[PDB]
C-alpha cells in the first residue's frame, strides 16, 4: 500500500514537471521559488496592480540580480517595458514594495530615479534590465509574480 501510493506520487511528480514547462512557455519565467508571468498587454499602474492582486499575486518585484534578469527576459521577449510593483507615492524619494518595506535591491539606470516633472512615482524596467521611475498613469507591460 505504502508502495502503491509511491507509484502515484512518482507519476504526479513527472506529470507536474512536464506541465510546469508547458505553462511557462512562452509568457513565464521561473527563478528560485518565484514565478513571473506577463499578461501580454499593457495597462496603467493602478490597473496593472489590481490585476495581479486579484490573481492572487502582485506586480513584478525583483529582489536580486537573478530575479531581475529573469524578469528582463520577459521584457525583451515582448519588447515592451514593464511596471514593477514599487513606488515612492507615500514618501517622495523613498521607493517601497507594496508591504511598505524598503528596497533590498535596485537596478536604476544612470541618473534615476529623477522624479521628472515632479510626477514620477512608479517604476519601469527596460529591455536592458535597468530601472527608471515613470508616471504611474503611463501604460506598460503587465507582469505579475507568484
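Positions refer to the first chain, counted from 1.
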Identify the stretch, either 91-99 or 111-119, whose C-alpha atoms have the larger mean B-factor according to the entry.
-> 91-99
Looking only at CA atoms, which has the higher mean B factor in the entry: 6-14 or 130-138?
-> 6-14
Name the residue from 86, 35, 77, 81 with the greatest C-alpha temperature factor listed in the entry.
-> 77
Thinking about Cα B factors across the chain, which third does residue 59 belong to?
-> lowest
